[PDB]
Amino acid sequence: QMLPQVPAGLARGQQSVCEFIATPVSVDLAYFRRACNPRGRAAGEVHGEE
Amino acid sequence: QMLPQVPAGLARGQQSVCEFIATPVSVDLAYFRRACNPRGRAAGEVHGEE
Amino acid sequence: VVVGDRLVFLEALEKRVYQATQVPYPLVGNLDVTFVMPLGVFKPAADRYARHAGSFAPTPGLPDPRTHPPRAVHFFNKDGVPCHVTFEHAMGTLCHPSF
Amino acid sequence: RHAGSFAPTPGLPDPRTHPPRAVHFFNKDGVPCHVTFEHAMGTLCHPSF
Amino acid sequence: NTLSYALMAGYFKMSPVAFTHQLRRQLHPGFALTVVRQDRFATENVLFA
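Protein chains in written order, with the deposited numbering: chain A, 1134 to 1183; chain B, 1134 to 1183; chain C, 346 to 444; chain D, 396 to 444; chain E, 987 to 1035.
Written out as structure tokens, the structure reads:
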């Protein structure tokens, strides 16, 4: 399998991982200022069932 | 042979000693604003093995 | 004296003992710290900026001595008198066969 | 917000008006730690693109 | 115009004999030093047993 390696660091707690999603540059910046969803559409909840 | 001349009179507490370490001019300043290591690699021992 | 839920003694041993004798008191500890300061670093072109429009304006009719790359530092002494450090003092390190 | 809130080194174009290509944020113990395009190579340079 | 002076100033030697004049005559070589020093502080402890 593919493990990176066993580092000697252990800097500050375990280190998380950041992802990357494409997005049109002209996206309304205001959409990120409050709570939001990265997918753009807030679906998934009892919001909408069909 | 070899002995730093004893001074005449002290104004304040015993005098410290300062050193000098070469470092490239382009190092990131913020590396010094918080607690840092003069080495550059913050190894020590407590966080990390041999 | 009672502290928390315990019932503990409380003593000072400067008068009953250690008084009028040339031996120091052993609870006056000696903390140790180590200071560091960069001397002549030069920040990149992006983060060189005035925080306000009315800057530390130099004398009208002279080039500003601020944008120039610095070559010295400043800090405070124990009492508080200012005391600076400049490349000149580093002569004792960079001028030696060890280099 | 104000006329001369910031000011570049006079005699140089300000890099403030340019479109940003990096974001800065604070770490677990407040040490600054930035992320920018250069890291996204492992996502945008792959056959899955 | 200023690139000329930059190129010229980038022509000083690096050797204790050259540093001798350089450091003293108010010029900045291409270094950046880190001053270190150690202090001691008398404190008042509170021991428990």
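A virtual CB, placed ideally from N, CA and C, is assigned to each residue, including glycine.
{"query": "Compare the Cα-Cα distances from residue 950(E) to each of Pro414(C), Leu439(C), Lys423(C) and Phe421(C) and report the closest residue.", "result": "Nothing can be reported for residue 950(E), as the shown portion of chain E is limited to 987 through 1035."}
{"query": "Would you say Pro427(D) lies against chain B (beta-carbon separation less than 7 Å)?", "result": "yes"}
{"query": "Once DSSP output is grouped into helix, strand and coil, what is the label at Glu1030(E)?", "result": "strand"}
{"query": "Applying the 10 Å Cβ sphere with the 16-neighbour rule, what's the burial state of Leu1019(E)?", "result": "buried"}
{"query": "Fully enclosed by the stretch 346-418 of chain C, which beta strand (DSSP E) runs are 3 residues long or longer?", "result": "373-383"}
{"query": "Is it right to say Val1021(E) is buried, meaning 16 or more other beta carbons lie within 10 angstroms of its own, or is it exposed?", "result": "buried"}
{"query": "Any heavy atom of the ligand MN closer than 6 Å to the CB of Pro389(C)?", "result": "The ligand content of the structure shown is nil, which means the ligand MN is not present either."}
{"query": "Please report the Cβ distance between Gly1181(B) and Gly1142(A), rounded to the nearest whole angstrom; I am assuming they are in contact, meaning their Cβ atoms lie under 8 Å.", "result": "6 Å"}
{"query": "If we cut at 7 Å on Cβ distances, does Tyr363(C) have a partner in chain D?", "result": "no"}
{"query": "For chain G, check one thing: does any of its Cβ atoms lie closer than 7 Å to the Cβ of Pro1137(B)?", "result": "Among the protein chains of the structure shown, namely A, B, C, D and E, there is no chain G."}
{"query": "Whole angstroms are fine: how far does the CA of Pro427(D) sit from the CA of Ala995(E)?", "result": "35 Å"}
{"query": "Take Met436(C) as the anchor and find which of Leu1009(E), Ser1001(E) and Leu993(E) has the nearest alpha-carbon.", "result": "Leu1009(E)"}
{"query": "Following the continuous beta strand (DSSP E) through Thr431(D), name the residue where it begins and the one where it ends.", "result": "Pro427 to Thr431"}
{"query": "Considering Cα atoms alone, identify which of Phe444(D), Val430(D) and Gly399(D) is closest to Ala417(D).", "result": "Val430(D)"}
{"query": "Per the contact definition of three or more C-beta pairs closer than 8 Å, is the stretch 382-393 of chain C in contact with the stretch 1146-1164 of chain B?", "result": "yes"}
{"query": "Residues in its own chain within less than 8 Å of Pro1171(A) by CB, not counting five upstream and five downstream?", "result": "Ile1154"}
{"query": "I need the DSSP call for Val1021(E), collapsed to helix, strand or coil.", "result": "strand"}
{"query": "Report the residues of the stretch 1142-1156 of chain B with a CB closer than 8 Å to any CB of chain E, ordered along the chain.", "result": "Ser1149, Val1150, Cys1151, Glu1152, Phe1153, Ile1154, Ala1155 and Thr1156"}
{"query": "Could you work out which residues of chain C lie near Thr412(D), taking near to mean beta carbons separated by less than 7 Å?", "result": "Going along chain C, no residue has its Cβ under 7 Å from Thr412(D), so there is no contact; the nearest lies around 12 Å."}
{"query": "Name, please, each residue of chain B whose Cβ falls closer than 8 Å to the Cβ of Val1021(E).", "result": "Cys1151, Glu1152 and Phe1153"}
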